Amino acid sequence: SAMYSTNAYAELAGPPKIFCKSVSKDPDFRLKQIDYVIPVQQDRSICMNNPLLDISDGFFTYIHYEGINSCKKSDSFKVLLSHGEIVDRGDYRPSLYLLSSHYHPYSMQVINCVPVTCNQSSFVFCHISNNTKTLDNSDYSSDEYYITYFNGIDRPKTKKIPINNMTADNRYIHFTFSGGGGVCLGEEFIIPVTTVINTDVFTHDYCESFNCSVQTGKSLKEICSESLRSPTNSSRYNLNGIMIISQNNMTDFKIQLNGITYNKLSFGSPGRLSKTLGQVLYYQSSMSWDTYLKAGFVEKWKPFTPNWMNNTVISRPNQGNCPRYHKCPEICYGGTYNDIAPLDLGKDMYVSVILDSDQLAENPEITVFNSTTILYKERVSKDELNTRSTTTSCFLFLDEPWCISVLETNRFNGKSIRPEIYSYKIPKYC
């Protein structure tokens, strides 16, 4: 039959394929921009920001935020949800096929969203509130949490999560869905959350082991403790964690809210869970004093325990007290979410689109690295390109490793701000 084709997508996994696993001076990534998936706006004042992309099982979920003269997620009037497929166009490269687009019913009240693609359908997990400051002055009983879901054929169904029926592993006043994406394992969804707590319940052994210059008049222990405080409300602590949701045909929910391991805690920031290489990877942005890449495969669920990479090369920009490559404990806040995708276990390899600058947010470079060194890199643009967030996913397309990355870009100064999508290939030869 002439209608049939074998699937060109596979999860990057199994016995390693052949590609460049060592240093290279001028790698060929076959870098191509994909400009047809993300909408274009007639009003140059509309800002499209905070892109999120999850690729799983050949299908993808895209999300972004639209706001007027504001790139802040909180000022967003509309939040866009997109479902699609990864396809072979005969291009000798993977293609994004956009099946569906809808705006979130509750867009004006949306605090935060995380995508997950599961069983070929798109699911979006949202935290909705009548109060923009809800994470500072309020609690989770005052807000609502939804799963919107849809696919190519179906119209979106958005269902409310019975948070009333949840069980938490600690006493949290508040939590938000925060990050680049979640995963589904069996009947369970697992979504990255940032939780809020009123009491300092935390230990920092790691932070306390450092010896270097600290703010005079303050003990190291004081600093390590106070560094987990919301800089907006000092009575609250922000701790990353996960929400596990069980479901049967989107009915009969069982929900657990767990906090992340207390081993090397970092101030609550957007994270990600992704399926790779037969494992599950957790990434956390570095928004506090430790500016090196924070990521690891998940060795234990309860408590949620990624085995933290010890990475001496990859970092992020921030301005002021904790710029790039700053490893000394301080009370400081900032950074950029730039997540990573694993390439090969045996060689301990990862791609990420990272910002090459000490302070400014700019110069995305596709970087392939191990814990110790950067194997190879390429700038995304030959011109200065102002970019904040970046996400990357990787897979096998026609039995070779391929990546797609979304970049939160401001190309034309301050106007027509729109994110850029890119596909690129991991070099077969060095």
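One-based numbering along the sequence shown.
- Between 349-357 and 216-224, the higher mean Cα B-factor belongs to 216-224.
- Of the two segments, 412-420 and 7-15, the one listed with the higher mean B-factor is 7-15 (C-alpha atoms only).
- Within the listed group 64, 379, 44, 388, the record reports its top CA B-factor for 44.
- Note on the listed residues 265, 87, 280, 110: the highest Cα temperature factor in the record is that of 87.
- Among all modelled residues in its chain, residue 171 ranks in the middle third by Cα B-factor.
- When all modelled residues of the chain are sorted by CA temperature factor, residue 94 is found within the highest third.
- In the deposited entry, the Cα temperature factor of residue 342 sits in the middle third of values across the chain's modelled residues.
- Ranked by Cα temperature factor within the chain, residue 57 sits in the highest third according to the deposited record.
- For residue 125, the recorded CA temperature factor ranks within the lowest third of the chain's modelled residues.
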